K.L.:
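Next up is a structure, given as structure tokens.
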Protein chains: 2
Amino acid sequence: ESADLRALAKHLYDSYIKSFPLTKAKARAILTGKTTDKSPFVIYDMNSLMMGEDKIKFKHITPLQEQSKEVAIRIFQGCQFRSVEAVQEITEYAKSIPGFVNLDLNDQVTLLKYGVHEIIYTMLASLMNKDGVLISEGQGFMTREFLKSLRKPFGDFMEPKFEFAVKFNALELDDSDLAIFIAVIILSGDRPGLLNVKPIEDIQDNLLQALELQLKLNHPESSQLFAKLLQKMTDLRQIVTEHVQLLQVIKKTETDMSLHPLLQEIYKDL
Amino acid sequence: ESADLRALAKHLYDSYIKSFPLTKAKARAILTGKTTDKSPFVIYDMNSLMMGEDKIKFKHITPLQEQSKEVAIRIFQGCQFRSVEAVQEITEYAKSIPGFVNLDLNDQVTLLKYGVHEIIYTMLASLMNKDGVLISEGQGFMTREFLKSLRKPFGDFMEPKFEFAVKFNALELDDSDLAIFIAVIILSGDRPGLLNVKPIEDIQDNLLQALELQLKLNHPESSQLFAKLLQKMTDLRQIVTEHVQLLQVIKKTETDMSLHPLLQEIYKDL
Ligand SMILES: CCCCCCCN(CCc1ccc(O[C@](C)(CC)C(=O)O)cc1)c1nc2ccccc2o1
């Protein structure tokens, strides 16, 4: 019954709105302007960066950065903190996916460990366009060029996210679509180390039917959107793998820089 | 129309049968199961290999294990010969895909270039089970044990493919399904360097529709098989990536000597 699938879709969309403070709808409203209400301050260089810590709250350094925790590192610990923040929002969302909390506690942990970053990059795309990305709840906007100009290793951390975002965003998905998609990502029975794969795949199948109908009803004219979206899951895994190896490089070139315990746990070069 | 999709399906199945000697239906009869007659020669040890090699249809080298070209190298090289063969079979199959030959020639070469490894492992799964893989047109069977026991570098070469095959084969696809799936892989759109993505994605759209109808008619009891199959591409990709990686490492094993050229030419890297 497609009626039961529509309810699941509404339920997941509802939980999504309740778990994620900055939706795609809000992100696009901020980026596309035509607004005086919430135009973001723009960071495209060191100076605007300094200024940025004025109209927008930023627990980081404004002045000199070199001999005082450089800008690259400052921006990096910022992403770090924001990522853990996202893991907590995604975890809250996960618990709302029917069946998720009734699974083996060990597998709940495994599903989150492997799904969190894939979800992070999917949602990160909502806050990006070809020119940059929204920051601090949408009050700021850091330029893609400014980011690609950071010190040797940090200079290329974000580029692959942008490359993915521009392609992914061309699919023109809205929050109700993404809510089902993120749920699908989490319930992957092919995650390494899962104990009970069957209960996980039973839920994903239900989620997949939900996503399929949702895309057919919401995008009547977009041929094979469902399949096209599912293939994007390959680009996500790649982004993760690529990010991981870059993180191993960072770890060795910056022995004075620290990683958040949560993020470190999830990570295992995995 | 459902008619254009069935025709496309039937057309691909026919060309697939004509292009690939060993069909999965053919290989499954041999593997797990009997169909008692002409049982494959089993390579499970060094002695069984030496014997099988000198008694199998392997046009290349003979058994010589004594400070002269180790077994692992001869096995590895052997898989290279068969891979070059398959590439030509994949190439002929590609040309039968409606619209393929009509694409920009550089684009045709690009699609084949980046799609042959994904296709090779996909079809390899057809000849594998959890304990081994069919060899020499199915006249042989090299056990998973003997393979994982090879030298340090070569022992971890095929294992990852066995793991993928185990999961992939659980989908229980047959040649009619695989025929369309392989064509979808070939007509990707995200291969690097493509010049005209539109016609490529347009054909894949048509192929995906065909694959979807085929799975629903051929496996009416398998819910969301279409979606599950597409997500298996995330695995194939990692496999390929991980594979070119070990490959580079192998290069850092065997190298020198003015003997073997022209042969090294015929292979390169694929
Ligand atoms: C439901 C989840 C919503 C996810 C929203 C993510 C916003 N974000 C963080 C993106 C990110 C960047 C870098 C990351 O690297 C770390 C922290 C490295 C340990 C990781 O977790 O792998 C991880 C995640 C982010 N936003 C921005 C804006 C500008 C510059 C950098 C930046 O990073």
Side-chain angles (χ1 to χ4, degrees), chain A residues 5 114-115 118 163-164 166-168 170-171 180-181 183-194 197-198 200-216 221-242 244-245 269-270, chain B residues 5 114-115 118 160 163-171 180-181 183-185 187-192 194 197-198 200-216 219 221-242 244-245:
Chain A
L5 296 176
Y114 288 94
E118 289 178 10
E163 297 189 59
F164 165 72
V166 168
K167 310 195 299 265
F168 192 77
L171 291 185
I180 321 283
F181 181 58
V184 165
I185 293 299
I186 301 176
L187 281 283
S188 308
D190 300 56
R191 297 304 197 182
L194 291 171
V197 167
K198 196 205 292 183
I200 294 181
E201 298 187 315
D202 287 348
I203 295 169
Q204 209 200 209
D205 285 348
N206 201 198
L207 289 174
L208 284 163
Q209 310 179 217
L211 178 55
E212 174 172 48
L213 180 54
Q214 169 67 33
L215 297 174
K216 176 188 186 181
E221 77 321 309
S222 190
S223 195
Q224 237 70 46
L225 182 57
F226 185 48
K228 296 295 176 170
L229 176 51
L230 294 176
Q231 308 194 70
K232 286 299 172 301
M233 290 178 75
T234 189
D235 300 296
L236 292 176
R237 265 288 192 183
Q238 295 295 309
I239 295 283
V240 175
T241 291
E242 215 182 71
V244 167
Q245 64 191 186
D269 301 68
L270 74 113
Chain B
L5 296 176
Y114 294 89
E118 279 167 31
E163 283 161 286
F164 171 79
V166 168
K167 288 171 295 182
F168 187 74
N169 288 332
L171 297 187
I180 321 308
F181 182 53
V184 165
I185 285 179
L187 276 289
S188 286
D190 55 48
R191 301 310 190 187
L194 291 173
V197 174
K198 179 170 160 49
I200 294 172
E201 301 194 311
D202 285 323
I203 294 166
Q204 198 194 222
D205 176 81
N206 200 182
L207 291 173
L208 289 160
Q209 289 181 60
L211 179 51
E212 178 167 45
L213 180 53
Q214 166 69 26
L215 299 176
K216 291 187 169 183
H219 306 283
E221 317 290 56
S222 196
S223 182
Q224 207 53 76
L225 183 57
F226 178 55
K228 296 182 187 192
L229 176 47
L230 299 179
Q231 40 186 46
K232 246 61 173 62
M233 279 173 252
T234 69
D235 308 68
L236 272 178
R237 236 80 161 185
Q238 277 294 166
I239 292 290
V240 172
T241 298
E242 171 184 62
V244 298
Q245 178 262 65

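Lettering of chains follows the sequences in order, A, B, ..., and the numbering in each one begins at 1.
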K.L.:
Quick one: what part of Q238(B) sits under 4.5 Å from any heavy atom of chain A, side chain, backbone, both or neither?
P.N.:
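Backbone plus side chain of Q238(B), per the 4.5 Å heavy-atom cut-off to chain A.
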K.L.:
Who wins among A227(A), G189(A), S188(A) for the most heavy-atom pairs under 4.5 Å with chain B?
P.N.:
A227(A)
K.L.:
Would you call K228(B) and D205(A) a salt bridge, taking side-chain N to carboxylate O under 4.0 Å as the test?
P.N.:
yes
K.L.:
Which bit of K167(A) comes within less than 4.5 Å of chain B, counting heavy atoms only: side chain, backbone, both or neither?
P.N.:
neither
K.L.:
Side-chain contact test, heavy atoms from C-beta onward, threshold under 4.5 Å: evaluate it for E201(A) versus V197(A) and give yes or no.
P.N.:
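Yes, close enough: below the 4.5 Å cut-off.
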K.L.:
Where on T241(B) is there a heavy atom nearer than 4.5 Å to chain A: the side chain, the backbone, both, or neither?
P.N.:
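Answer is side chain: those atoms of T241(B) sit under 4.5 Å from chain A.
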K.L.:
With a sphere of 6.0 Å drawn around NZ of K216(A), does it hold more than 12 non-hydrogen atoms of other residues, nucleotides or ligands?
P.N.:
no
K.L.:
Considering only heavy atoms, which portion of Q231(B) lies under 4.5 Å from any heavy atom of chain A: side chain, backbone, both, or neither?
P.N.:
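Looking at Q231(B), just its side chain touches chain A.
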K.L.:
Roughly how far, to the nearest 0.5 Å, is CG of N169(B) from NZ of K232(B)?
P.N.:
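Answer rounded to 0.5 Å: 9.5 Å.
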K.L.:
Which atoms form the tightest heavy-atom contact between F226(B) and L215(B), and what is the distance?
P.N.:
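Looking at all heavy atoms of both residues, the shortest contact is CA-CD1, 3.3 Å.
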K.L.:
Tell me, yes or no, whether the heavy-atom count around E221(B) atom CD, taken from other residues, nucleotides or ligands under 6.0 Å, exceeds 12.
P.N.:
no
K.L.:
Using non-hydrogen atoms and a 4.5 Å limit, figure out which bit of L208(B) sits close to chain A: side chain, backbone, both or neither.
P.N.:
both
K.L.:
Under a 4.5 Å heavy-atom cutoff, which of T234(B), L211(B), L236(B), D190(B) has the most pairs with chain A?
P.N.:
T234(B)
